[PDB]
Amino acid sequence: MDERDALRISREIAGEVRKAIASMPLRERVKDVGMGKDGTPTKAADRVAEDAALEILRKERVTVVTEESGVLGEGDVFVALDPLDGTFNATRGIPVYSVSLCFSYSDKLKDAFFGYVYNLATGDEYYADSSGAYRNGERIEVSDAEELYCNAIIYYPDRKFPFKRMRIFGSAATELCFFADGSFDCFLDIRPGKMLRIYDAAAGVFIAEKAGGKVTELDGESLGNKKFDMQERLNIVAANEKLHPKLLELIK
């Protein structure tokens, strides 16, 4: 498969997931039926979103991994997917929630060849291939702010920080993209309990990297060895190359 292929497939998933969730009234969304591993009842929203995406994924030569369904199938192409990042927002009419799709030629992030994040509330489409990172088809770049007094997304501020603004919108996939288009100057998920799962990170990280951002673990390590497995976990430090080392000295 090529990017060209992943982009077609991803737009078809977006299209269906929107269809499925949208129809679903608020009280629909907020009901539970399932069994999240780490601790959660599969709401109505997540299963209806998962159902749309998988049936479209099951028809290609890929291996699909999600929090819910976990792992199964077979394909030389791996896809770390979250049918609905921001379920809390979706069940309350807060317009920040997305489907995230990252395609890889191996089981590691290092060989990902396509990233896709679609805001299922507004229709904003983010993606990236070897040819650039895009928002609604327009190419995008990260900002180039070099001082700590910047616009940050941070999970979770623990003490006083030097930032000009701090935001927390509840959909890391989408927020990684807010970073990628330069809307915010950095993205941080520095929580000690490391709760960020590879599904919500992969595409956002891939798209941010294509946009020019430097995206590492807390330690500054490279996310390449991060795996498309059920128990992978991530802390993330993300900014342009000038600001990134300053952030590491700050949270040091």
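Counting begins at 1, following the sequence as shown. Basically, rigid core = biggest C-alpha set you can superpose within 1.5 Å across the two forms.
**Request:** Kindly name the stretch, out of 54-62 and 34-42, whose CA atoms are displaced more from this form in 7 other deposited structures of this protein after the core superposition?
**Result:** Once the core is superposed, the stretch further away in 7 other deposited structures of this protein is 34-42.
**RMS Cα shift after core superposition in 7 other deposited structures of this protein, winner of 67-75 and 152-160** = Higher root mean square deviation of C-alphas in 7 other deposited structures of this protein is shown by 67-75.
**Message:** Can you tell me whether 206-214 has a higher mean C-alpha B factor than 62-70 in this record, or the other way round?
**Reply:** So the stretch with the higher mean C-alpha B-factor is 62-70.
**Prompt:** Averaging C-alpha B-factors over each stretch, which comes out higher, 25-33 or 184-192?
**Reply:** Comparing averages over the C-alpha atoms only gives 25-33.
**Asked** Among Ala90, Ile153, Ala145, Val79, which carries the highest Cα B-factor?
**Response** Comparing C-alpha B-factors across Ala90, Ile153, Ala145, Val79, the top value belongs to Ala145.
**Asked** Which has the highest CA B-factor per the PDB entry: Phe178, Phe161, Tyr105, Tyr126?
**Response** Most elevated C-alpha B-factor of the set, per the entry: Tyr105.
**Item:** B-factor third for the C-alpha atom of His244 within its chain
**Value:** It falls in the bottom third of the chain.
**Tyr134 by Cα B-factor - lowest, middle or highest third of the modelled chain** = Ranked within chain, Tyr134 CA B lands in the middle tercile.
**Asked** Looking at the C-alpha B-factor of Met1, is it in the lowest, middle or highest third of its chain?
**Response** According to the entry, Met1 has a C-alpha B-factor in the chain's highest third.
**Request:** Rank-wise, by C-alpha B-factor, drop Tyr149 into the lowest, middle or highest third of its chain.
**Result:** CA B-factor rank for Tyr149: middle third.
**Request:** Ordered by C-alpha B-factor within the chain, which third holds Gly75? Give me lowest, middle or highest, please.
**Result:** According to the entry, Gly75 has a C-alpha B-factor in the chain's highest third.
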